[PDB]
Every structure is written in structure tokens, then in C-alpha cells.
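All remarks here apply to the structure that follows.
Below, chains carry the letters A, B, ... as their sequence lines are ordered, and counting in each starts from 1.
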There are 6 protein chains.
Amino acid sequence: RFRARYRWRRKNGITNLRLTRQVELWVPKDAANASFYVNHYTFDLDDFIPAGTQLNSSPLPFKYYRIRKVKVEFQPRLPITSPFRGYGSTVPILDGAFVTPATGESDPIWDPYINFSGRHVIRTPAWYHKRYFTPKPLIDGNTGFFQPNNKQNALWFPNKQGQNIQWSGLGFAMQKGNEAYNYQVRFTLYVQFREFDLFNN
Amino acid sequence: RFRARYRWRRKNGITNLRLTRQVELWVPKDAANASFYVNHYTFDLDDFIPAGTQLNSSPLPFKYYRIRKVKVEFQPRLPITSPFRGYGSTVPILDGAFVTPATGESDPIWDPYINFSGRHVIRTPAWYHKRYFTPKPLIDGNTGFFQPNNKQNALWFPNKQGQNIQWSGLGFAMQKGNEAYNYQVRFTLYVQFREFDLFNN
Amino acid sequence: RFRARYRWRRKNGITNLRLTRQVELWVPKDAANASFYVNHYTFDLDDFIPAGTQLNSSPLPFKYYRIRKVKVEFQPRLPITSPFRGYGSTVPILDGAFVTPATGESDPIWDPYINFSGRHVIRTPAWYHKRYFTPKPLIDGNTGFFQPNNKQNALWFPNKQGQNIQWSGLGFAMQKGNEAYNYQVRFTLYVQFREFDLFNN
Amino acid sequence: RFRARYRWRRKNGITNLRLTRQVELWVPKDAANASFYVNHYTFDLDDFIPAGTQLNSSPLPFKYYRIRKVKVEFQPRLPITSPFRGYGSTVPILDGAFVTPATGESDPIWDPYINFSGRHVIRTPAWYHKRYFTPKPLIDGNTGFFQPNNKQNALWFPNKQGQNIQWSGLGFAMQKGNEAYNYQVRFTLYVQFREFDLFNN
Amino acid sequence: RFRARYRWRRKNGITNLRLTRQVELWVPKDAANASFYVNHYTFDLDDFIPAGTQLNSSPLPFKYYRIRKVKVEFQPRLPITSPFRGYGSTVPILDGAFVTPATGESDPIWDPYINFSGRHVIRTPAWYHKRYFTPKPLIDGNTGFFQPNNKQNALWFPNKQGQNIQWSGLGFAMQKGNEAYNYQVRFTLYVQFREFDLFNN
Amino acid sequence: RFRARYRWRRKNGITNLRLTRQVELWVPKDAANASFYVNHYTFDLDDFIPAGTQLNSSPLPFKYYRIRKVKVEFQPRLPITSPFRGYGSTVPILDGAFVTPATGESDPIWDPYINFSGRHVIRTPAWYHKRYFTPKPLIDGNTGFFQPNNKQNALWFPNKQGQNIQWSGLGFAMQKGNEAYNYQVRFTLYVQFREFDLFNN
């Protein structure tokens, strides 16, 4: 009943791990327009796990994985006595189709994410912000299908260390002010692994 | 318990809509063979929704959708005092693989759908006919997989307005008589939409 | 009993949506008088919804609407180490008759909204402020009548996309200091729509 | 439950007041026909409230009002030993459409209000008479619509002091005798006010 | 409790009556396009009630009315052995804004009412069709407001016999075939009258 | 409740069948190293079902299938008085990614499957061995996703007779001794079929 859940985890090698990395996010200057800096983030397992050996290719010796949750932290670098305050948006985007302008298109004067059903407000020179959600894997390029939220039926993927797929996350728009400012963005994956495979000589 | 279902629909922007279109179906003449007119129908969301603007590309401002049900109506154009009565078949075909003869192959003398497990009889100069079922999306060309019927686990698809996928429906065979006859075929989609996204300047 | 409420929403096409826009608010300088900046806001549906096509004139394909609630956010642009603090008032004004001085009349030395029954204090160089209330439509110019608060009996209006009416909201007075300061004002409409009408070719 | 009614009256500034004015009514002489004197009364708030100052335009510092009830008193000026007794009618007329003859049309020989569903008999040289009812505001000239009796849903109107609307009341017909007689007509409004607004320098 | 409802109907003169009229509807010919005949109906009380006398201007001696329900009947003139069958739509349109093409615009090739939330299918050479609903009065031209369905709070209107207002009803689209066909359209008003006023000499 | 399961199987044509085939497995000689013979097995439906006719292409007249279980039997050909005993491993591998050395890479000196979570020991000159598990279909080459074990939600596939997909099974490593030995490997599919389609002339 609950020892049947124990023997499912023992037989199949089910483990639960937490992986974390950081990046830096630069919002440029804007003189007298208060435009929006629009970009996005996706999640690949290759950024969180380094390269292994010739014998054991992954430093995590598991054959399969699925991502349960992502936490995305926005950590500010500027104090609260900053001279300009801005109010932007963050959205989870599950199909990998963002509003991010390509090279040639300018930065918009209006918030492109303000009417979305899952937008939160990021107060964004000097305050903390975090989103927490289930990401979706980017499998098909033609149809772009994704599963509903269901922990028992979520698809498994091979951990291949270099050929890992993208997982679709977060779009954001940030108000630009008189001075360029900084964020340290921390990503935290909550991963469930399966099928322990350590090769030994 | 049931207000948790309300906050799931409010947070994610879940709406339920009904979309309808009509086409005309021509069955040609056959002299002294009583052959069968075999064709099929699939469903794309591009036929039901027109083109939008440059700003909002879809007239329905939702990011994702899944089709719950199709109703296909066969509406006759001829009265019941017609001189020849025919008896054909309709079948739901979920993988998109029909028995429809290509250009060069003739129309068969026998009903190709008469032994199928889900065939209904269409009495087909002058009577109404309708089918009601869950369609399946045409994702993979190599494997052709599709889900079982489960409303909670059915896959979500991006609404892309021009690049929309096919959904697999109905095959039919109609007995041809001494005179060519007409049907108006009405399709009705029952669509569930998700993630309201209206761009405003 | 509660599935009778479901069939009322399904038959009539009742949906509930949230629309948001932003503007910028400038309070000018005042030397050695501490006068008040008095202005007001009304709400039209044309500012929140862009223009549609020739076929479907509104990007929201609904025939009727009524506004349930407005949220008005005052988001500051200056930090809390600002050298002058001011204390003004916000009031909901339902008939559309404000105390705003016309071109030629000066800005008053006294708070014109300080004795109103529904005034809140806005601490107004560097703090957040929000009002939440039912707005009233501006129908008659001669009598200026409006309904009491009643969700079941509230009047319906056609969504006409360009000829939309005004809805009467908020008056405010802000204390002016030694330096001109900024607010980003965010408006959020909670709209109930009725009678889905999508034209398809 | 009943302290929720207290905080509704306190937050919105709900007060209930009684306003009274008097006029004189002259019925002229008629020799040997016993004709009827037909006239009517409507109610404007400008007759009951005098002019205010430049600062506070109304002597009642409230922004909105609605009239709950009118009492109309007919107070006689002649004693009961008067030589001729007459028997007329009073009617409430809610749309503002009376049978009162214009300049050029004579006074009728018959009672124009005798068959109305809400007529009372006024014994009318020397007796008291009173009517008590809900009046209706005269909003539209083209359609002339009015609400049913409902205290919770009755419309609110701005108190504008000079531009106030008419409220539709009473029609009456009085039998004329050998001598002209007098009435002092007293009107009493039962008004509910809302949104206290006193301007102070 | 229920004799209080009796004395409300007796004091105010409440009666309930049924008024009926007929018109003829012509759908023209169309060669080889199967276009749609789009028109609409509104309801005025002047068509249902003839002119009265100089003394009593209306043949119904009541001062006020409100329309509770309309029934609209489509009665066919052709038998069921007709050579072409068509399938159109009927919709209730409450604001008086129809899709009916003006003089100069042609008849559309597509059904303009097929996606509306309250459309019914009219099988339309030879079959009966009926709609039953609450109509809304056309009061304002600028705002076009209308009440929700509520029998206790529905607005009253003066019965003026010649200056009566429009009440907003039904839009319809009918498929045109090889031959022009006929319908007799029967309208039935369910009217509630108030304030009996018969003038007698 | 359980006759609803009967009408689901009757309407859709659900049948359950067992298909079996045999192959021969050769382990070569190794002099004085005791190396491992590493290979794998996948399952295609084309090996279990022969070719049909031009009319009915599959000898099983069903349109869809899904594989529930595989049994893989290792049947020995040598008696238990064999002079060398070996101890290898079998593993289920669900993504189709095996450790099998390509042409050019030698046979390893160590067991590559000894640390896997689902390995069983095959005592492997002269003893019986069997594995029993749910196989996974090889759909995507880029992502390699597969479902968790769930009988109600398992994907359906078209039975196409020649274009059938691979299903991912078993990897094994066998200890090589002084003499080459033999196994007869028996595979048993437990297949659930759907949508009976027999064409008749």
C-alpha cells in the first residue's frame, strides 16, 4: 500500500535531486522612452550537469529523467535607494513560442505580456522575484504538443549528456530606465531520475 | 473541491467555445452499376477561424487549444419523394488512414466500410445523418500514435493561425444512383481554449 | 440548481476576462506653495482593446459586455529616500462630475477631496496606492442617473469597437513639492462578456 | 448582518432627510355649469432647496440623491358651513403625461380622472386630502420609461442645484362652484442622500 | 401573502393580454450560388393595435405596458415534396444591431449567424420554426443599454398609440434555392398592461 | 458498471491475442579471457505476423494495436553436465539505447549490465531464463520519450503490415567459455487489438 511505493522506487532506481545554476541578466539603458527589454529562458540539462568521463558519460549515473518543477529566482544587484523604479511582467510559456523580437526588430514601447493569464508583476530595479511551475519538454517542432499537469503520467526522457532536449519556461519584459541595471538569475531544477547505471571496470 | 476547479479555470484562462462551418458534398451519377462514392473529412482549425490582424494574429486571443468533440451533420437537399434510395456507411477513422481511392483507381462496387466496428448506416438520398465522437490529432507521420479517450490527459496544442494541424475524423461511402444528388455537410467543433493573450498598443 | 447556472452561461456565451493597460502620470513642480494637482480618470473599452479586421471588428468576438470591477494601481517611480513627502486624496466619482479645474483656473491650495465619504489617503512621492470599486456607465448627459450596486441587475451594453461609452471612475488630488515626480498608473478591468459572434468566410 | 448595513451607510454617507414647501391653489368661479378645474403637480428639488454659495453650491452637502416618497397635502381655507360642496379626483401619474388642457382648450364638463385605477375622491371646498406614493423621475422624453417599485434597485441622481430633474406626481380635477375657493397645498419629500462633500478653505 | 398579490393587481389595474399579427416573407431566387437572404424583425405596439377615437386614443384603455415575451412563428407555404432543401439560422438580437446588408451591399455566400450563441437551425423550404424569448426595448441610440432578464424589475413604458417604441427581436438568414418560396410569419406578443384609464362623456 | 466495459469492448472491437516466435542465439568461443557476448533484442510486429493478401493486407483484420506485455524465454540446448558455467545479465532497456559494441569495438572483459537497477542473473550454459515486462514504442529519434506504466493511457498505433514500428526491449550480456553454446530464444507478445476491419468483395 505504501511499501508497494517503496518497492517501486527500489526496483526502478527512483531518486529525486535538486540542481542549481546562475546567470547574469543585463537590462540596457533607454533615454526618454521607457521601452521594454523582452527576452526568455529555456532549460537544458546540459547547463546544469558537466561532462563526465569516457566510461561514465554523465556525472549522474542514471539512464532516465523527468523534470518536476523549476524555480526561477530574480536576485537584484542594486539597493532600494535607486533613482528609477520599473514594473514589468514574467510569464510561463509552455510551447516555446515567445514574443521576443529578432535581430532587426526594435524593443516595444508597450508591455507584450501584460494581458496574459499567468503574468506576475516584477518590481524591477531592486526587488526579488520568483516563479515556480511545471515546465514542458520541447519535443515536436511541427505540432508543438504538450501534456497537462499530471505527475503519474508525465513522460520520461533519456539522459544523454550533450544531446539533451530543451524544456520550455519563462518569458519576461522589463522596463528600461535612465541607467543600465543588473540581475543574477538563479535556476533550480527539481529532477526525478530513474535506472541507476554505473559502469565499473 | 469545486472552487478549486474555478481557480484552475481562472488562473489558466480556460474557456469553452463552439465553432461551426458548412461545405457542399456532391455525389456523381452512376449508370447501371450502383457504385460507391468513397471520400473522407479531416478537421483543421484554419477553416473555422479567419485571419486576424498583424497585432493579434488570431481572432480568438488564446494561446493553446484542444478539441473535445466534433459533430458532423449530413443535411439533405432532396425531398423524400426521390426515385432512388441508397444505403451507405460512415466511420470514424482516428489515424488518418482512409480507403479513399487515389486518382487512377476507380470507385468500388462494394461497401469498403460495411464490416467496421464503428460504422453507422446513412440512408442517403434524402435523410439526416450525424456522427459525434472525439477526434485525434495527426502528429506523427512515421508512427501515427494517438491517445485513448481521457479528458484529463488529452494533449494541448498551440493555436498558430495558418500552421494549425489536422485532426482525424470521418470516412464515408455513399451509394450512387441514377441522378447526382447533394448534401450540405455541417461541422461543429467543441473546443477548449487556454491562456488568454490579447496584445494592446 | 448549480447546473442551471452552467446552462445559463453556456446558452448565452458568458465569459469573464481581465484587461489591463498602463499610462504615465506627471505631477509638476511647485515653488513655495504646496498646491494640489487635481485630475481624474474615466474608462473606455477602446483603450484596452485594439482595432480588429473588416470581417471581425473587435479582437474579442463578443456582442455585449458589462464592467464588474476596476482596479486602479498607482506605482511609484521614485525611491523612499526622496526629499519631500506629500499626502493627497483619491475618490471614486460615479456620475462623472469632477472638481478638476478647467484651462484658466489655477490649482487650489487646499485638498478638494478631503471631506468626501469615500476618500483614501495616497502617500505620494514613493508609495503604492490602489482603489477597487464598481464603475458606473455614463449614459445620460441630462439626468446622469446610475444604478445601485447589484450584480444580477446591472445593465448590458453593446461592444461596438470605436463607439464605446465612458465608465466613470476616479478623482485624485496630489500634493506638489520641490521636484516634479512620476507615477505609472495601471488600470485593470474585470469584464463579463456575452453572445459569442465570430464571423467566418 | 445588521452592522453590515451600518458600515454601508457610514462608508457611503447615507442620510435620510425630509423637505417641505407650500403653495397656494386657486379654483376659479363657474356660473351654472359645474365644470372641472384640471391641473397637475411635478416635483423638482430646486423648489425645496435654496441656492448655496460659490464654494458649496448646495445647502445640503451631498453629491447624490433619490426620492423615496412624496406626501401631498390639500389643506382647506374655507369652513365646513360653505354653501356648495364638490367632489373631484386625484391621481398619481408616473410618466408625466397629464390630461391638463392647454391654453385654448376649455375646462371639461366631466371628470377626466374618474375611471383611473388609482383615483381618490377629494371632497373639495372644505376638507383635508392627502396622497402618499413613490414618484418617478422624468428621464427620457422619447421613451418615457420608469422603474417598478423596488427600494434596493432605485436609480441615483446627481444633486446639481439648478439643473435638477423633474419627478412625476399628481394629477387632479376639482369641481367648480358658485364661488372661487382656496387650498394651501403642502408637499413633503422624503429624500435619501449619498456622498457627503463639504469643501473647506 | 398571495392576497397581497391580488390587491397589487387590483389597485394598479394589472391585466395580461395576448396580441397577434401576421406578415408574409419572400425569399427570392438564386441561380447557382446558394446565397443567404438576411433580414430582421423588430416589434412595435402600433402594428398590433389599431387607431382609436379622439376621446380614447387607444383601443386598449391602459396607460402603461411592458412586453413579457414574443413568439415568432415561421409557417411554410410549400409542401414537403419541394425539390430543394435549405438550412438557415435564426438569432435573437437584443441591442437592435443586425448584420443585414444595406442597399448596395450584396447577399453573402456564407451564413452570418452560424457561430452565434443563440442560433437555431431553420429547415427552410417547408417546415415550421418558432422562437420564444424576452425582447428588449430600444431606448438609447448612443449607449444601447438593456436590462438583464428579471420579471420584477423590468421597465414600464407609456402606451401612446402612434409614438410607441421599437422592441428588439430576431435576425435570420435563409438559404436561397432554384425557386422563390414563401413564409407566413406570425408574431405573438404577451403584454402586461397597467393603469386602466377609460374616458367617458 | 461492468456491462459498460462490455459495450466498450463490443463497440470498438477490442480483442486480446497472443503471438509467439522463436530465434536461435549463438554465443561464440573465447580462449582464456572469459569475455562477454553483448547483444540486444527489439520487437517488431512484422516478425510475428506474415504478409496478407492484396485485399486484406494483414492476416489479423484489426486497424489498431498496442502491446501490453512481452515474455522473452531463454531455452537452453545443452545439458547440465556441461564443463563450464557462466553468469551473465539481462536488462530491460526502454529507450532503445544499448551498450552493444559496434563493428570494430571488441567484446568487453567486464559485465556492462551488472549495476543496472533491473538486472537479473542468467545462469547461462544450461538453464532456463525469462523476463516479463511492458515494452515501450520507439517513436521519436530526437527526444526518445516514453510513457510511464499505465494501462488506461497507453498509446494506440496503426497496424500497417510492413511499416510497423520497433518496440524496445531487452539487453543481455553472456559469459563466453571454452566451447560455443546455443540458446533458442522464444518471444511472446500479448497484444490488444482494436477496430475490426475485414474487406469483403
Side-chain angles (χ1 to χ4, degrees), chain A residues 2 4-5 8-9 12 14-17 43 45 64-71 92-96 117-118 131-140 143-159 165-170 189-195, chain B residues 1-16 62-69 134-137 139-140 145-158 191-195, chain F residues 66 68 94-95 134 136-137 139-140 143-157:
Chain A
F2 274 144
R5 181 73 199 280
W8 176 73
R9 290 181 104 266
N12 290 280
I14 299 288
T15 204
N16 276 280
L17 291 170
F43 322 113
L45 205 61
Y64 316 111
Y65 77 102
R66 45 185 192 180
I67 303 185
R68 298 295 224 184
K69 289 295 172 181
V70 191
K71 210 201 302 180
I93 288 176
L94 303 182
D95 62 343
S117 294
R131 295 311 294 264
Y132 188 83
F133 63 98
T134 302
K136 306 291 163 171
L138 294 171
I139 302 176
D140 206 343
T143 82
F145 69 98
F146 63 96
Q147 282 187 122
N149 271 1
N150 200 270
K151 279 175 79 73
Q152 196 270 328
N153 284 108
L155 293 158
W156 287 101
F157 291 88
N159 171 36
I165 72 179
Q166 297 294 113
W167 294 68
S168 177
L170 200 71
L189 298 184
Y190 294 91
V191 189
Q192 172 163 283
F193 284 102
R194 185 179 162 171
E195 186 48 81
Chain B
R1 185 172 62 85
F2 274 144
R3 206 78 185 160
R5 181 73 199 280
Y6 166 77
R7 63 177 60 249
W8 176 73
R9 290 181 104 266
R10 197 259 298 151
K11 194 75 64 64
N12 290 280
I14 299 288
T15 204
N16 276 280
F62 297 100
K63 216 166 183 304
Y64 316 111
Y65 77 102
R66 45 185 192 180
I67 303 185
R68 298 295 224 184
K69 289 295 172 181
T134 302
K136 306 291 163 171
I139 302 176
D140 206 343
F145 69 98
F146 63 96
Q147 282 187 122
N149 271 1
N150 200 270
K151 279 175 79 73
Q152 196 270 328
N153 284 108
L155 293 158
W156 287 101
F157 291 88
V191 189
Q192 172 163 283
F193 284 102
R194 185 179 162 171
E195 186 48 81
Chain F
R66 45 185 192 180
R68 298 295 224 184
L94 303 182
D95 62 343
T134 302
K136 306 291 163 171
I139 302 176
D140 206 343
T143 82
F145 69 98
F146 63 96
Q147 282 187 122
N149 271 1
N150 200 270
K151 279 175 79 73
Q152 196 270 328
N153 284 108
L155 293 158
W156 287 101
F157 291 88

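- Across every non-hydrogen atom of A:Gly169 and A:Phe43, the tightest pair is CA-CE1, 3.5 Å.
- When all heavy atoms of A:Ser168 and A:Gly96 are compared, the pair lying nearest together is OG-N, 3.0 Å.
- Here the straight-line distance linking atom CG of A:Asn159 with atom CZ of A:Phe193 works out to 5.5 Å at 0.5 Å rounding.
- Scanning all heavy atoms of the two residues, the minimum distance from B:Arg194 to B:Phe62 falls at O-CB, 3.6 Å.
- Of the N and O atoms on the side chains of B:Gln152 and A:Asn150, at least one donor lies less than 3.5 Å from an acceptor on the other residue.
- In this structure, A:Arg9 and A:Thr15 approach most closely via the heavy-atom pair NH2-CA, 4.0 Å.
- Looking at F:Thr143, F:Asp95, F:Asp140 one by one, the single match for side-chain contact (heavy atoms from CB on, under 4.5 Å) with A:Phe157 turns out to be F:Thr143.
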Test side chain to side chain contact (heavy atoms under 4.5 Å, CB included) on B:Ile67 and B:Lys136; report intermediate values, then the result. CA-CA 8 Å; B:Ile67 303 185; B:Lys136 306 291 163 171; over 6 Å; no

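- Put simply, OG1 on B:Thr134 and CZ on B:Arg66 are 11.5 Å apart, with the number rounded to the nearest 0.5 Å.
- A:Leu189 CG to A:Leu17 CG: the interatomic distance, rounded to the nearest 0.5 Å, is 11.0 Å.
- For the pair B:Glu195 (side chain) and A:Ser117 (backbone), a donor-acceptor distance under 3.5 Å is present.
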Between B:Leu155 and B:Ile139, does the side chain to side chain contact (heavy atoms under 4.5 Å, CB included) criterion hold? Intermediate values first, please. CA-CA 11 Å; B:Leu155 293 158; B:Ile139 302 176; 4.2 Å; yes

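- In terms of heavy-atom proximity, B:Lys151 sits nearest to B:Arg68 at O-NH1, 3.0 Å.
- A distance-only check finds a donor-acceptor pair linking the side chain of B:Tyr64 to the backbone of A:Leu94 [under 3.5 Å].
- Considering every non-hydrogen atom in both A:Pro158 and A:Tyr65, the closest pair reads O-CE2, 3.6 Å.
- A cation-pi arrangement is present between B:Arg3 and B:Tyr6 under the rule of less than 6.0 angstrom and at most 45 degrees off the ring axis.
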